[PDB]
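Report on the structure given below.
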Amino acid sequence: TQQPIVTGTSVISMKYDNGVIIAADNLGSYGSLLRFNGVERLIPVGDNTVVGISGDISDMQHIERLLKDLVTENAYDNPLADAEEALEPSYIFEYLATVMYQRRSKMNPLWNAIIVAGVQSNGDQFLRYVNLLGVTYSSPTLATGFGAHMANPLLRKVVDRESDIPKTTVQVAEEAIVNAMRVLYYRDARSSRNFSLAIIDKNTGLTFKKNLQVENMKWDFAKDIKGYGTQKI
Amino acid sequence: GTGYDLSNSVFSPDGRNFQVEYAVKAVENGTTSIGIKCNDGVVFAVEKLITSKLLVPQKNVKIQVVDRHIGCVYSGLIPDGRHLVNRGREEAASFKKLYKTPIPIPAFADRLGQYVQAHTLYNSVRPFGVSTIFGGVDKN
């Protein structure tokens, strides 16, 4: 049994017609103090998988080390390590899902909420969630912590069910992700303006975007608000 | 008298370990392999005896990788060579876990060196029937 010390907030993701999009901000919160600003919380595994981790940062860096060892271990005595016998998003998830459940059963959990985003070798979109309890689920849209309350309602307006996936383009999907990041910056007190975005497509491959900022904010209406009830000036 | 060659960790009257010398005979019998150090890297090459046409070409890989920067090739008893690489991979992972940086080649050379030397200290273990050529690029 432990407690989270340095934490990372929401990880938001959705699937479109040709692949998946995942995003997470670059913040490392120390309670109420926004201590670290150069923290990458999206970890690319190979060229077909990106792992988005929220929660405890020290535990995140441990999982980050485990994934790098998985790539090293897969390349051992494997002539097709970059072809047929390459690491699939489903292989990477199932391994993590096994670890998360084994740790909670020993009463020493990895204090994280993880979303594995990627594209399978046959072109299928992969998007699955796993938390500290080992609870696993798949959905057209996935979000951890605070995003599960705010980003999910916004992303489900674009893709409500399975049939809405082939109708959704990269442009519409990314716009919904970028908009959700702004809304999270509006209402989450543990969120940062700077964020990373990753697109895994079955045609263009992996596109990792760094140092993105929340733009087009509405703050002008604040000048008209004075007092809390009866104050006029 | 005689019989100094029957047990592993036994010194002969002339300060030799015959069981180790017999392990060399297993290497000399095996397939030839080479390593060449160039100006900024290393190149490993090995012969692959085609026993029959039934052997699938380009499949029975002999050269092995340790970590992501070290390559190993060996002559003699192939299963013994695989066991040494299995140990080396664990040894390289143990180094990277504690020290973060990938294991240096002279560092990795001693790790295998100590492990093989250990199999000459006891009569309950058999010496390795392999000579391993290995290397790679590190900090310097």
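These protein sequences, in sequence, are chains M and F. Position one of the first sequence corresponds to residue 1 (the deposited numbering), numbered consecutively onward. Position one of the second sequence corresponds to residue 1 (the deposited numbering), numbered consecutively onward. A virtual CB, placed ideally from N, CA and C, is assigned to each residue, including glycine.
| Check | Outcome |
| --- | --- |
| Beta carbon of M/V51 nearer than 8 Å to that of M/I57 | no |
| Spatial distance of residue 183 of chain F from F/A109 (CA atoms) | No statement about residue 183 of chain F is possible, as the shown extent of chain F runs from 1 to 140 and does not include it. |
| Listed by chain order, chain M residues near F/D67 by CB distance under 7 Å | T72 |
| Terminal residues of the beta strand (DSSP E) in which M/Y137 lies | 136-138 |
| F/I105 versus F/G41, F/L54, F/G30, F/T2, residue with shortest Cα-Cα distance | F/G41 |
| F/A26 beta carbon less than 8 Å from that of F/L77 | yes |
| Any chain M beta carbon closer than 8 Å to F/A107 | no |
| F/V61: contacting residues in chain M (beta-carbon distance under 8 Å) | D77, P79 |
| Short CB-CB distance (under 8 Å) between M/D69 and chain F | yes |
| Distance between beta carbons of M/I114 and M/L96, contact taken as under 8 Å | 6 Å |
| Classification of F/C38 by the beta-carbon crowding that lies within 10 angstroms, buried from 16 upward | exposed |
| Closer than 9 Å at the beta carbon, the chain M residues around F/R89 | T72, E73, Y76 |
| Range covered by the alpha helix (DSSP H) that runs through M/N179 | 170-187 |
| Neighbourhood of M/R103 by C-beta distance below 6 Å, restricted to the same chain and skipping five residues each side | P109, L110 |
| Rounded separation between M/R41 and M/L155 - CA only | 21 Å |
| contact_flag[the segment 144-154 of chain M, the segment 178-190 of chain M] where n(CB pairs < 8 Å) is 3 or more | yes |
| The segment 213-222 of chain M in contact with the segment 53-67 of chain M per 3-pair CB rule at 8 Å | no |
| Length-filtered (3 minimum) beta strand (DSSP E) runs lying within the segment 26-94 of chain F | 33-37, 42-46, 64-66, 70-76 |
| Under 8 Å from the C-beta of F/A93: neighbouring residues of chain M | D69, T72 |
| Backbone CA spacing between M/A23 and F/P57 [nearest angstrom] | 45 Å |
| Through-space distance from F/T101 to F/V137, alpha-carbon basis | 13 Å |
| DSSP bridge partner residues for M/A113 (one or two, in chain order) | M/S54 |
| Of the listed residues M/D160, M/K209, M/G8, M/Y30, nearest to M/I199 (C-alpha basis) | M/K209 |
| Close-in-space but distant-in-sequence residues of the same chain around M/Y101 (CB under 7 Å, 5 per side omitted) | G134 |
| M/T98 versus M/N37: straight-line alpha-carbon distance, rounded | 31 Å |
| Continuous alpha helix (DSSP H) stretch holding M/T98: start and end | 89-105 |
| Option nearest F/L49 by Cα separation, candidates F/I34, F/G30, F/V43, F/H119 | F/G30 |
| Under 9 Å by beta carbon: chain M residues contacting F/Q19 | Within 9 Å Cβ-Cβ: nothing; F/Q19 doesn't reach chain M, min ~29 Å. |
| Cβ shell of M/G123 (< 6 Å), same chain only, five flanking positions each side left out | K202 |
| Where the segment 113-124 of chain F meets chain M: residues whose CB sits under 8 Å from a CB there | none |
| Per-residue burial, M/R65 [other beta carbons within 10 Å of its own, 16 or more giving buried] | exposed |
| Residue range of the unbroken beta strand (DSSP E) whose run includes M/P153 | Not the beta strand (DSSP E): M/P153 falls in the alpha helix (DSSP H), residues 147-155. |
| Coarse secondary structure for M/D82, derived from DSSP in three states | coil |
| Rounded straight-line distance, which links the Cα of F/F95 to that of F/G113 | 16 Å |
| Test item: CB-CB of M/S196 and M/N26 under 8 Å | yes |
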